[PDB]
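Beneath this line is the structure, given in structure tokens, with notes to follow.
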Amino acid sequence: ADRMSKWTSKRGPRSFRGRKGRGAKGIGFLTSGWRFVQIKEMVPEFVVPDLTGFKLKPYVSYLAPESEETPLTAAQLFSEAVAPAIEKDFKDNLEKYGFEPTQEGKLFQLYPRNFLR
Amino acid sequence: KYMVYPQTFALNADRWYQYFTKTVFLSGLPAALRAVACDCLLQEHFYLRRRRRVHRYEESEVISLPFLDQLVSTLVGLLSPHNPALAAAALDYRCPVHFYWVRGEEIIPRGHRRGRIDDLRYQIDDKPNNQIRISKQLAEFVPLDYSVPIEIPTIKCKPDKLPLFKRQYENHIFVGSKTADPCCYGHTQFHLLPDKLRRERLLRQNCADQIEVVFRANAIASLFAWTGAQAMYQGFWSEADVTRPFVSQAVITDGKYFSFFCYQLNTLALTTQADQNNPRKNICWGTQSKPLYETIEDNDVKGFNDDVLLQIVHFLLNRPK
Amino acid sequence: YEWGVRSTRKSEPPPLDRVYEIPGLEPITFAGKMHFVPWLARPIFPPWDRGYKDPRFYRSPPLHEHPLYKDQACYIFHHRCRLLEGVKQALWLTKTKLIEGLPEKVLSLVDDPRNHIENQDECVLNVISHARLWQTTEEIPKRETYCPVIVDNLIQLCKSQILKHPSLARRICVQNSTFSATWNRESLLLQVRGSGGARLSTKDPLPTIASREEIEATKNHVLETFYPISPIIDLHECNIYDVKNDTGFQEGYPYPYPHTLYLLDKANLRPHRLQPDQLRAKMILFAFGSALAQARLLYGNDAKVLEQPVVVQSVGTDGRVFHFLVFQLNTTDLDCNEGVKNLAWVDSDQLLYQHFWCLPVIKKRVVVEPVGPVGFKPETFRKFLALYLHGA
Amino acid sequence: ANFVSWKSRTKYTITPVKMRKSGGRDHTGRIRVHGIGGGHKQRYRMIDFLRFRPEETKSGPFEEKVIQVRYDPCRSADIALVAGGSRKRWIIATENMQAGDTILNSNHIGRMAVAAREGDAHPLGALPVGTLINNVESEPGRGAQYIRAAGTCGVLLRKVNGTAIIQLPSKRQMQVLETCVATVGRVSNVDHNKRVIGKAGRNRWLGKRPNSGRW
Amino acid sequence: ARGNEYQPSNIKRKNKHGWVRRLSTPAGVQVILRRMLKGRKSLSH
RNA sequence: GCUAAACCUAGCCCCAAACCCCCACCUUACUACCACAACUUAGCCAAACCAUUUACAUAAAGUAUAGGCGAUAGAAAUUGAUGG
RNA sequence: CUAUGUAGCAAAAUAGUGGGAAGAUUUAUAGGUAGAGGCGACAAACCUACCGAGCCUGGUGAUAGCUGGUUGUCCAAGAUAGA
RNA sequence: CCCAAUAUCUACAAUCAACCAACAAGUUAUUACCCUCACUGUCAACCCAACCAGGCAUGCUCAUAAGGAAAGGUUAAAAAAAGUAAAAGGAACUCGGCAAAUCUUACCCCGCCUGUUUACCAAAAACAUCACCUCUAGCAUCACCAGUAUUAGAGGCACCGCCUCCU
Ligand SMILES: [Mg+2]
Ligand SMILES: [Mg+2]
Ligand SMILES: [Mg+2]
Ligand SMILES: [Mg+2]
Ligand SMILES: [Mg+2]
Ligand SMILES: [Mg+2]
Ligand SMILES: [Mg+2]
Ligand SMILES: [Mg+2]
Ligand SMILES: [Mg+2]
Ligand SMILES: [Mg+2]
């Protein structure tokens with residue numbers, strides 16, 4: 001008889017209490033007899049770098065020059081990414097300069113996103 | 001009542017089970033059988049071929065438990081010459097062992113019973129893989145008042161913080177058969193660890209001085225349960241402490257690595273009132289864990305060891321003199 | 001009268017949209033917008049095939065296209081099957097004659113007292129009890145748990161007879177026994193895949209129990225026939241099988257020669273428990289299968305009369321009734337309905353104990369049948385250990 | 001109402017199947033027939049009525065021998081498990097059928113009437129005039145629908161070109177093609193009339209309940 | 001004695017007044033839409 | 001003397017003009033992940049009951065016409081169209 | 001059946017006395033039957049405390065020859081044939 | 001919180017399950033897979049009755065090892081409520097032996113019996129009920145029914161036997 005409070009896993013009878021998750025991802029599947037099989041591939045392996053010798057810290061000194069907000073736009077990226085190669089080669093049929101026409105044969109597809117932050 | 005589980009994943013559960021048991025632990029000690037043992041090993045591992053392919057989650061239920069069944073059955077069958085006790089014995093396969101006792105008091109921390117003092121009950125249920133029960137008691141290892149410099153480790157924190165959970169079901173003392181069974185005393189127990197606790201699962205874990213912890217915990221818990229049940233089958237209990245030491249032996253194995261334990265119960269007075277000053281301690285006398293062999297490649301067993309089999313037969317040769 | 005009411009079948013697919021049957025038209029279906037809409041035409045999609053095939057959703061190709069598929073219909077007898085007519089059906093299937101009563105030779109291997117185990121009678125009585133009254137934490141144990149222990153510790157009780165002769169410690173008890181024996185009978189390609197347990201083997205195979213002049217004295221006997229029942233009723237008629245005999249293991253085994261087969265109808269509910277006749281028939285077929293597997297291993301798949309007959313034993317039991325069988329195979333030649341037959345001695349309806357009371361019976365506090373077994377007959381145990389001792 | 005009727009089995013087998021009672025409720029959910037509900041749980045044995053059914057890839061008249069003649073909750077008569085060839089079937093048995101008997105099932109119309117044992121199945125034409133029959137069928141190759149109840153005798157009255165007139169237990173006649181297969185005899189469980197059920201509890205056990213109304 | 005006609009049960013409450021039961025019939029969608037219009041923040045039980 | 005009594009605006013009403021707007025969610029909604037379908041207003045109410053019947057720009061006109069010719073119903077041809 | 005209680009502990013309870021208590025019994029759990037309809041061992045009994053016809057919203061400001069009301073000052077004319 | 005597919009099977013109860021006795025009749029062979037413990041409930045003096053001598057399924061303890069407090073202080077008026085005791089008499093009370101105390105007997109009317117009913121003034125002599133009788137119906141896959149005239153539905157009646165002046 002309470003309908004305003006959120007509905008979460010702590011609410012129903014045994015069945016409900018079990019079925020309803022809590023926002024937590026899955027990593028495996030139930031086999032016969034309520035046995036759980038975990039898959040090493042569906043567990044996010046963190047990728048932490050080697051921080052030794054790094055010359056940057058959580059904050060930046062107050063003695064730094066200011067600048068203008070210039071968000072990176074497709075034109076700005078293209079300008080210094082591939083354009084100079086074109087111009088250099090313009091003085092004497094697009095995949096040679098980084099163009100990727102289709103995105104089935106690469107591990108990190110850009111659309112749809114098949115990878116994670 | 002707390003549900004103590006002899007085969008436990010919990011870290012350093014051995015010393016916690018010491019506290020719940022008033023048990024000290026001492027490191028040390030108080031023929032073609034190799035052919036037949038290796039033949040049973042092969043006829044369960046490689047020789048005898050299954051119909052349905054082996055999966056590595058029931059491998060500790062259909063290619064390692066029949067191994068212990070065959071080992072114990074053959075050794076008992078052929079060793080009856082050297083020990084008439086085994087002849088008219090009682091061999092039990094997966095028979096239940098239950099013990100129920102009280103040790104300590106706590107003040108209920110919440111509810112309509114706060115402050116009021118209540119006992120800290122425990123309960124051990126155990127399905128030992130194989131066990132051998134006799135009709136005449138074994139010979140105690142060391143007398144009933146064996147004072148030792150080592151002292152029972154003290155756990156100051158609550159029992160729950162080591163993963164250990166309460167519940168309420170029937171209370172059961174049980175050695176393997178009811179009171180009327182003449183073979184009420186107990187000789188030996190062979191345990192097989194599930195795969196959860198096996199070597200490889202804790203090898204993905206990266207510590208070495210924790211592998212023996214599960215062995216010791218299984219030994220302490222299960223042997224204390226068995227010995228205590230034997231005692232309380234004779235009329236003894238906490239407020240009438242046992243007069244003669246009770247004793248039993250256990251072999252704990254994961255299928256490849258073996259360990260042996262020689263437990264001797266001296267005291268059942270573990271309540272806070274009956275443990276007021278009783279200086280009796282229970283003792284364990286376990287060893288480390290050694291490898292029976294190295295591998296099973298095609299049909300041989302390279303590196304098959306005889307020390308472990310010799311120790312097994314040694315433990316099976318004991319007599320009730 | 002067809003079976004299956006109309007209102008439970010899948011469905012008649014909805015009438016197709018007529019736009020499809022206009023020859024030049026390509027309809028407008030809701031496949032463009034990936035979701036159903038009730039005011040367009042239901043598409044027709046290609047049959048979808050998974051480039052991979054996940055194990056959790058595999059679908060096996062039909063029974064026809066399996067690599068091991070034979071046109072001729074085999075008739076397997078695997079554990080669950082239950083012969084209708086029972087004993088005589090197994091006889092026909094095996095071409096044998098049932099000689100009532102155990103052979104005199106084995107029954108004369110126990111009359112001498114020196115083959116006595118210590119305190120035999122009271123120890124078998126307390127073993128009966130230990131299996132049936134003190135086994136688990138509840139007052140009345142059930143068959144699923146007390147059928148196996150009776151046997152598995154009666155054999156242990158008798159196994160303490162090594163002191164008299166150290167040639168007894170020369171055999172083992174094995175579990176998980178899977179022996180497959182295929183043979184033929186009147187162009188019916190029969191097979192027996194016995195997947196059971198409680199078998200014991202030995203190094204020295206058992207001796208022949210009938211004289212060479214008695215195995216030939218069976219030709220006069222006419223193998224019994226039943227009509228109109230076929231000799232294959234209740235057999236599993238399968239088109240998936242193999243022409244291949246396997247004893248359940250491979251080369252190079254200590255204790256390779258079977259001795260006895262213990263069969264345990266341990267189901268708690270009666271309808272899952274084979275009747276007496278079915279149980280004896282199961283014993284006969286399993287024993288014949290083990291014997292035929294041994295014969296194939298020794299000689300080969302050649303129909304012939306064996307010079308050295310292979311004998312096996314079997315005890316079938318539920319926990320209070322026992323059936324004992326000695327089966328002597330002497331012929332791999334079985335296609336013909338005449339010739340030398342195999343021999344089978346069977347003793348049936350042998351009660352180890354008439355009844356058991358787990359809790360005292362009280363009419364008016366005048367207890368009449370106190371706790372324990374009522375009507376114990378040690379003769380069943382006599383025959384049991386007799387069958388055990390033979391072959392020493 | 002989500003009411004999938006239990007009678008969903010397609011394959012035939014002698015094993016009892018799990019009845020679900022209706023209580024008078026049809027698929028909608030309303031009391032369609034008053035006076036039904038409750039009573040002992042029951043299982044259903046798929047009694048096969050086409051008593052001339054030859055096994056797979058066989059033909060010609062066949063003999064089958066009975067095994068047991070047991071009570072059946074659903075029927076009023078007593079079913080019997082007949083084995084033949086490589087097949088077991090549940091068939092309604094007649095009065096004097098004991099375990100072990102044998103019965104013939106034929107479609108072969110002889111030159112003249114063949115004296116038929118009191119349990120065999122023969123085409124109507126094959127029988128003589130004045131006998132008693134059960135498990136009659138309206139038209140050939142259809143199944144037995146007429147006389148099946150407990151203790152009911154159906155007399156054969158006459159035969160004419162291609163047809164036969166039989167008398168149903170309700171004291172009236174009907175025509176049927178002479179190739180319709182019936183069984184000669186009287187359906188089992190005679191004197192089932194004289195079952196004084198004694199007390200209302202027995203009616204409740206059977207499945208009936210007392211219902212006022214029935215508008 | 002009366003007054004205790006509500007014997008609570010989460011299964012029943014979610015089965016006979018829940019989102020899916022409303023959305024399983026035109027009348028229920030009308031109910032949800034009425035309660036969307038009136039402003040409610042408890043559309044379905 | 002307590003209790004009180006007093007207040008302004010927060011907003012709103014009617015017009016005019018202009019056509020208005022990261023994740024999860026139909027299973028037990030807010031849950032990462034497996035083989036059917038949609039397409040005539042009756043009647044309260046008047047006739048003092050009730051049964052046919054009973055309403056949903058200006059002018060022509062409440063005219064023609066309909067109607068237990070009762071209660072009532074009712075055209076067309078043509079005419080011309082930011083504020084309180 | 002009696003007594004207490006009658007805004008009561010309770011919008012039908014309490015105390016005693018009683019009928020059944022292996023059965024046509026009692027009961028937890030999910031589903032079904034929906035309003036001129038359901039269900040009913042027929043009592044017009046029951047369908048969320050109030051059922052000879054649930055409840056809510058709408059037509060609805062239903063209609064009411066019936067009941068009740070109808071608000072500042074002062075003056076003046078003003079009553080009992082009948083169809 | 002579950003289960004890879006296909007075919008095969010799957011006749012005999014449960015009652016200490018054995019004696020008698022009954023009726024209400026109660027999974028595997030092939031093909032595919034060598035993967036491991038994730039996720040959620042876990043509190044309390046609690047829930048439905050507006051706050052409550054009421055309602056609340058199961059296991060175990062059967063008088064308690066667990067749980068609680070009938071008197072805010074006083075005095076001991078009437079009327080009221082519950083209880084205990086009572087001389088002699090023992091229904092003369094009263095509509096009636098209601099209540100209480102004691103435990104026995106006999107008959108008569110109605111209904112055959114056990115049961116069900118007016119949740120909240122009627123538990124009955126009413127309803128139902130075995131037994132009997134009457135009426136209708138010759139038969140397929142959604143009820144009756146996976147039924148077939150000794151069956152099914154709808155009605156009346158109510159086993160069975162026998163008839164249509166004392167007080
Ligand atoms: Mg009017
Ligand atoms: Mg008004
Ligand atoms: Mg008037
Ligand atoms: Mg005046
Ligand atoms: Mg808890
Ligand atoms: Mg207390
Ligand atoms: Mg108080
Ligand atoms: Mg007071
Ligand atoms: Mg007096
Ligand atoms: Mg009564």
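Naming scheme: A, B, ... for chains in displayed order of the structure tokens; residues 1 onward per chain; ligands 1 onward as shown.
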
Which chains and residue numbers are within 10 Å of ligand 2, counting only C-alpha atoms (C1' of nucleotides) and all ligand atoms, if I want them as a PDB file with C-alpha atoms (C1' of nucleotides), in the first residue's frame?
ATOM      1  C1'   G G  61     -26.190  22.691 -11.876  1.00  0.00           C
ATOM      2  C1'   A G  62     -30.487  15.146 -13.470  1.00  0.00           C
ATOM      3  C1'   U G  63     -35.726  16.149 -12.202  1.00  0.00           C
ATOM      4  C1'   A G  64     -38.640  17.215  -7.851  1.00  0.00           C
TER       5        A G  64
END

Close residues, stretch 160-172 of chain C itself excluded, 8 Å, only C-alpha atoms (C1' of nucleotides), min 5 positions apart in chain, as JSON, numbers by chain
{"B": [74, 77, 78, 80, 81, 87, 88], "C": [114, 115, 116, 117, 200, 201, 202, 203, 255, 392]}

Could you save those same residues with N, CA, C and O atoms as a short mmCIF file (atom, residue, chain, number, x, y, z; two decimals), in the first residue's frame?
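Below is the file selection.cif, written as the result:
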data_model
loop_
_atom_site.label_atom_id
_atom_site.label_comp_id
_atom_site.auth_asym_id
_atom_site.auth_seq_id
_atom_site.Cartn_x
_atom_site.Cartn_y
_atom_site.Cartn_z
N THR B 74 39.78 -50.84 -0.34
CA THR B 74 40.80 -51.85 -0.55
C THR B 74 41.75 -51.95 0.64
O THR B 74 42.10 -53.05 1.07
N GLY B 77 40.04 -53.66 3.37
CA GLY B 77 39.79 -55.05 3.06
C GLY B 77 41.02 -55.91 3.23
O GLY B 77 40.93 -57.04 3.72
N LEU B 78 42.18 -55.41 2.82
CA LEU B 78 43.39 -56.21 2.88
C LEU B 78 44.16 -56.05 4.18
O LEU B 78 45.02 -56.89 4.47
N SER B 80 42.72 -56.07 7.21
CA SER B 80 42.07 -56.78 8.31
C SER B 80 42.97 -57.85 8.92
O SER B 80 42.91 -58.03 10.14
N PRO B 81 43.79 -58.59 8.16
CA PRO B 81 44.80 -59.44 8.80
C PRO B 81 45.57 -58.75 9.92
O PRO B 81 45.63 -59.27 11.04
N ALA B 87 38.09 -55.67 10.92
CA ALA B 87 37.27 -56.76 10.40
C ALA B 87 35.81 -56.55 10.74
O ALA B 87 34.97 -56.36 9.85
N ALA B 88 35.48 -56.57 12.02
CA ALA B 88 34.11 -56.31 12.47
C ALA B 88 33.89 -54.83 12.72
O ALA B 88 33.36 -54.42 13.75
N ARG C 114 34.47 -74.53 8.41
CA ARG C 114 35.69 -73.72 8.41
C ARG C 114 35.55 -72.46 7.57
O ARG C 114 36.30 -71.51 7.79
N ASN C 115 34.61 -72.42 6.62
CA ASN C 115 34.27 -71.19 5.91
C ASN C 115 33.18 -70.45 6.68
O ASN C 115 32.05 -70.27 6.22
N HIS C 116 33.55 -70.04 7.89
CA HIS C 116 32.68 -69.26 8.76
C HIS C 116 33.38 -67.97 9.13
O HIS C 116 34.55 -67.98 9.52
N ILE C 117 32.67 -66.86 9.00
CA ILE C 117 33.18 -65.58 9.46
C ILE C 117 32.82 -65.42 10.93
O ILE C 117 31.85 -65.99 11.42
N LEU C 200 32.36 -56.70 -8.98
CA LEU C 200 33.69 -57.07 -8.51
C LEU C 200 34.36 -57.94 -9.55
O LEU C 200 33.73 -58.78 -10.21
N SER C 201 35.66 -57.72 -9.70
CA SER C 201 36.47 -58.40 -10.70
C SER C 201 37.52 -59.25 -10.00
O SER C 201 37.68 -59.20 -8.78
N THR C 202 38.22 -60.05 -10.79
CA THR C 202 39.25 -60.92 -10.25
C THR C 202 40.27 -61.20 -11.35
O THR C 202 40.00 -61.01 -12.54
N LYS C 203 41.45 -61.64 -10.92
CA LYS C 203 42.51 -61.99 -11.86
C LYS C 203 42.26 -63.36 -12.48
O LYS C 203 42.49 -63.55 -13.68
N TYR C 255 42.75 -57.48 -12.09
CA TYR C 255 41.34 -57.79 -11.84
C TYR C 255 40.50 -57.47 -13.07
O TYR C 255 39.57 -56.66 -12.98
N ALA C 392 37.45 -68.90 -5.32
CA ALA C 392 38.64 -68.66 -4.52
C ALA C 392 39.83 -69.40 -5.11
O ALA C 392 40.55 -68.86 -5.95
#

My list of candidates is A:74, A:13, A:98, A:29. Which is closest to chain G when distances are computed with only C-alpha atoms (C1' of nucleotides)?
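Selected residue with least distance to chain G: A:13.
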
Could you tell me, counting only C-alpha atoms (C1' of nucleotides) and all ligand atoms, which protein and nucleic acid residues lie no more than 10 Å from ligand 9, written as a ChimeraX atom specification?
/H:85-90

Would you mind exporting N, CA, C and O atoms (P, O5', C5', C4', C3', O3' and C1' of nucleotides) of the selected residues as a PDB file, in the first residue's frame?
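Generated file (out.pdb):
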ATOM      1  P     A H  85     -18.200 -21.338  47.136  1.00  0.00           P
ATOM      2  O5'   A H  85     -18.554 -20.786  48.581  1.00  0.00           O
ATOM      3  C5'   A H  85     -17.689 -21.015  49.678  1.00  0.00           C
ATOM      4  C4'   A H  85     -18.298 -20.540  50.968  1.00  0.00           C
ATOM      5  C3'   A H  85     -19.758 -20.884  51.170  1.00  0.00           C
ATOM      6  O3'   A H  85     -19.965 -22.224  51.565  1.00  0.00           O
ATOM      7  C1'   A H  85     -19.418 -18.628  51.719  1.00  0.00           C
ATOM      8  P     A H  86     -21.296 -22.994  51.117  1.00  0.00           P
ATOM      9  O5'   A H  86     -22.401 -22.370  52.057  1.00  0.00           O
ATOM     10  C5'   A H  86     -22.190 -22.325  53.452  1.00  0.00           C
ATOM     11  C4'   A H  86     -23.227 -21.492  54.148  1.00  0.00           C
ATOM     12  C3'   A H  86     -24.662 -21.782  53.790  1.00  0.00           C
ATOM     13  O3'   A H  86     -25.130 -22.958  54.412  1.00  0.00           O
ATOM     14  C1'   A H  86     -24.315 -19.447  53.883  1.00  0.00           C
ATOM     15  P     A H  87     -26.680 -23.336  54.398  1.00  0.00           P
ATOM     16  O5'   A H  87     -27.162 -22.869  55.829  1.00  0.00           O
ATOM     17  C5'   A H  87     -26.502 -23.334  56.993  1.00  0.00           C
ATOM     18  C4'   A H  87     -27.345 -23.095  58.211  1.00  0.00           C
ATOM     19  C3'   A H  87     -28.743 -23.674  58.130  1.00  0.00           C
ATOM     20  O3'   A H  87     -28.776 -25.005  58.601  1.00  0.00           O
ATOM     21  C1'   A H  87     -28.845 -21.394  58.777  1.00  0.00           C
ATOM     22  P     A H  88     -29.162 -26.212  57.628  1.00  0.00           P
ATOM     23  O5'   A H  88     -30.744 -26.170  57.620  1.00  0.00           O
ATOM     24  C5'   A H  88     -31.458 -26.250  58.837  1.00  0.00           C
ATOM     25  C4'   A H  88     -32.897 -25.851  58.667  1.00  0.00           C
ATOM     26  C3'   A H  88     -33.585 -26.362  57.419  1.00  0.00           C
ATOM     27  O3'   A H  88     -34.053 -27.683  57.569  1.00  0.00           O
ATOM     28  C1'   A H  88     -34.059 -24.066  57.712  1.00  0.00           C
ATOM     29  P     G H  89     -34.132 -28.647  56.300  1.00  0.00           P
ATOM     30  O5'   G H  89     -35.027 -27.839  55.264  1.00  0.00           O
ATOM     31  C5'   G H  89     -36.418 -27.679  55.480  1.00  0.00           C
ATOM     32  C4'   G H  89     -37.086 -26.975  54.327  1.00  0.00           C
ATOM     33  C3'   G H  89     -36.743 -27.478  52.941  1.00  0.00           C
ATOM     34  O3'   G H  89     -37.410 -28.680  52.607  1.00  0.00           O
ATOM     35  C1'   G H  89     -36.809 -25.114  52.963  1.00  0.00           C
ATOM     36  P     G H  90     -36.713 -29.756  51.645  1.00  0.00           P
ATOM     37  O5'   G H  90     -36.544 -28.995  50.266  1.00  0.00           O
ATOM     38  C5'   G H  90     -37.685 -28.643  49.504  1.00  0.00           C
ATOM     39  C4'   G H  90     -37.319 -27.744  48.363  1.00  0.00           C
ATOM     40  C3'   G H  90     -36.779 -28.456  47.133  1.00  0.00           C
ATOM     41  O3'   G H  90     -37.227 -27.802  45.954  1.00  0.00           O
ATOM     42  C1'   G H  90     -35.161 -26.948  47.954  1.00  0.00           C
TER      43        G H  90
END

Select the residues contacting ligand 1 at a distance of at most 10 Å, based on only C-alpha atoms (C1' of nucleotides) and all ligand atoms, then format the selection as a PyMOL selection string.
(chain F and resi 45-50) or (chain G and resi 63)

Surrounding residues of residue G:23 excluding itself and chain neighbours under 6 positions, 12 Å, only C-alpha atoms (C1' of nucleotides), as a list in words:
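Once the nearby chain positions are removed, what remains is residues 200, 201, 202, 204 and 205 of chain D; 114 and 115 of chain H.
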
Dump N, CA and C atoms (P, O5', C5', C4', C3', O3' and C1' of nucleotides) for the selected residues as a PDB file, in the first residue's frame?
ATOM      1  N   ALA D 200     -23.247 -38.750   1.126  1.00  0.00           N
ATOM      2  CA  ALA D 200     -22.888 -37.639   0.260  1.00  0.00           C
ATOM      3  C   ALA D 200     -21.391 -37.539   0.046  1.00  0.00           C
ATOM      4  N   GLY D 201     -20.600 -37.980   1.013  1.00  0.00           N
ATOM      5  CA  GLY D 201     -19.164 -37.889   0.860  1.00  0.00           C
ATOM      6  C   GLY D 201     -18.672 -38.644  -0.356  1.00  0.00           C
ATOM      7  N   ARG D 202     -19.311 -39.767  -0.674  1.00  0.00           N
ATOM      8  CA  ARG D 202     -18.902 -40.511  -1.855  1.00  0.00           C
ATOM      9  C   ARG D 202     -19.155 -39.701  -3.117  1.00  0.00           C
ATOM     10  N   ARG D 204     -19.124 -36.504  -3.310  1.00  0.00           N
ATOM     11  CA  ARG D 204     -18.086 -35.484  -3.365  1.00  0.00           C
ATOM     12  C   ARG D 204     -16.770 -36.075  -3.843  1.00  0.00           C
ATOM     13  N   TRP D 205     -16.457 -37.300  -3.421  1.00  0.00           N
ATOM     14  CA  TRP D 205     -15.224 -37.940  -3.866  1.00  0.00           C
ATOM     15  C   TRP D 205     -15.215 -38.119  -5.373  1.00  0.00           C
TER      16      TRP D 205
ATOM     17  P     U H 114     -27.316 -35.420  12.335  1.00  0.00           P
ATOM     18  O5'   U H 114     -25.865 -35.577  11.713  1.00  0.00           O
ATOM     19  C5'   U H 114     -24.808 -36.072  12.508  1.00  0.00           C
ATOM     20  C4'   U H 114     -23.504 -36.089  11.761  1.00  0.00           C
ATOM     21  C3'   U H 114     -23.012 -34.758  11.231  1.00  0.00           C
ATOM     22  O3'   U H 114     -22.420 -33.926  12.211  1.00  0.00           O
ATOM     23  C1'   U H 114     -22.826 -36.367   9.538  1.00  0.00           C
ATOM     24  P     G H 115     -22.761 -32.354  12.251  1.00  0.00           P
ATOM     25  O5'   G H 115     -22.556 -31.866  10.752  1.00  0.00           O
ATOM     26  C5'   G H 115     -21.260 -31.773  10.178  1.00  0.00           C
ATOM     27  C4'   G H 115     -21.326 -31.478   8.695  1.00  0.00           C
ATOM     28  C3'   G H 115     -21.669 -30.049   8.307  1.00  0.00           C
ATOM     29  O3'   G H 115     -20.529 -29.212   8.298  1.00  0.00           O
ATOM     30  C1'   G H 115     -23.004 -31.547   7.063  1.00  0.00           C
TER      31        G H 115
END

Based on DSSP run over this structure's backbone, return all residues of stretch 1-111 of chain A in helix (DSSP H, G or I), as a short mmCIF file (atom, residue, chain, number, x, y, z; two decimals) with C-alpha atoms, in the first residue's frame.
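So the final result, stored in out_31.cif, reads:
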data_model
loop_
_atom_site.label_atom_id
_atom_site.label_comp_id
_atom_site.auth_asym_id
_atom_site.auth_seq_id
_atom_site.Cartn_x
_atom_site.Cartn_y
_atom_site.Cartn_z
CA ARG A 14 11.85 -14.31 -2.10
CA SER A 15 11.42 -14.52 -5.85
CA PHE A 16 11.30 -10.76 -6.33
CA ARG A 17 14.11 -10.15 -3.85
CA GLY A 18 16.29 -12.44 -5.92
CA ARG A 19 15.42 -11.45 -9.47
CA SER A 32 21.86 -26.02 -14.87
CA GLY A 33 21.04 -26.32 -11.19
CA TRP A 34 21.48 -22.65 -10.33
CA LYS A 40 36.77 -13.77 -18.06
CA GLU A 41 35.83 -11.61 -21.04
CA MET A 42 32.77 -9.94 -19.49
CA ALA A 74 35.97 18.38 -37.10
CA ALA A 75 37.43 21.12 -39.28
CA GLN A 76 40.13 21.96 -36.74
CA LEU A 77 41.11 18.31 -36.40
CA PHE A 78 41.17 17.76 -40.16
CA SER A 79 43.22 20.93 -40.65
CA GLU A 80 46.38 19.63 -38.95
CA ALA A 81 45.62 15.89 -39.05
CA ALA A 83 45.46 18.38 -44.69
CA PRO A 84 49.25 19.00 -44.72
CA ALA A 85 49.83 15.53 -46.16
CA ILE A 86 47.31 16.34 -48.89
CA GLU A 87 48.99 19.65 -49.69
CA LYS A 88 52.45 18.09 -49.75
CA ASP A 89 51.10 15.38 -52.06
CA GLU A 95 42.66 5.47 -47.46
CA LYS A 96 46.35 6.38 -47.64
CA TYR A 97 45.83 9.48 -45.46
#

Which residue of E:22, E:1, E:33, E:8 approaches chain F most closely, using only C-alpha atoms (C1' of nucleotides)
E:22

Determine which residues of stretch 125-286 of chain C DSSP labels as strand (DSSP E or B) from the backbone of this structure, then write them out as a ChimeraX atom specification.
/C:171-174,177-185,188-196,199-202,229,236-238,246,257-264

Report as a ChimeraX atom specification which protein, DNA and RNA residues come within 8 Å of ligand 5, using only C-alpha atoms (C1' of nucleotides) and all ligand atoms.
/B:166-167 /H:42

Which value, in Å to one decimal, gives the distance between atom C1' of residue F:73 and atom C1' of residue F:57?
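Atom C1' of residue F:57 lies at a distance of 23.5 Å from atom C1' of residue F:73.
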
Please identify every polymer residue within 10 Å of ligand 4, using only C-alpha atoms (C1' of nucleotides) and all ligand atoms, and present the set as a list in words.
residues 75, 76, 77 and 78 of chain G

Could you list, as a ChimeraX atom specification, all the residues within 12 Å of ligand 10, counting only C-alpha atoms (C1' of nucleotides) and all ligand atoms?
/G:19-20 /H:111,113-116,123-124

Would you save the residues from that selection as a PDB file, in the first residue's frame, using C-alpha atoms (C1' of nucleotides)?
ATOM      1  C1'   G G  19     -20.935 -27.918  18.075  1.00  0.00           C
ATOM      2  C1'   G G  20     -17.347 -30.199  14.998  1.00  0.00           C
TER       3        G G  20
ATOM      4  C1'   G H 111     -36.442 -33.771  10.801  1.00  0.00           C
ATOM      5  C1'   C H 113     -28.390 -39.542   9.901  1.00  0.00           C
ATOM      6  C1'   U H 114     -22.826 -36.367   9.538  1.00  0.00           C
ATOM      7  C1'   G H 115     -23.004 -31.547   7.063  1.00  0.00           C
ATOM      8  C1'   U H 116     -24.751 -26.042   5.219  1.00  0.00           C
ATOM      9  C1'   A H 123     -28.359 -22.489  13.045  1.00  0.00           C
ATOM     10  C1'   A H 124     -34.085 -24.088  12.925  1.00  0.00           C
TER      11        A H 124
END
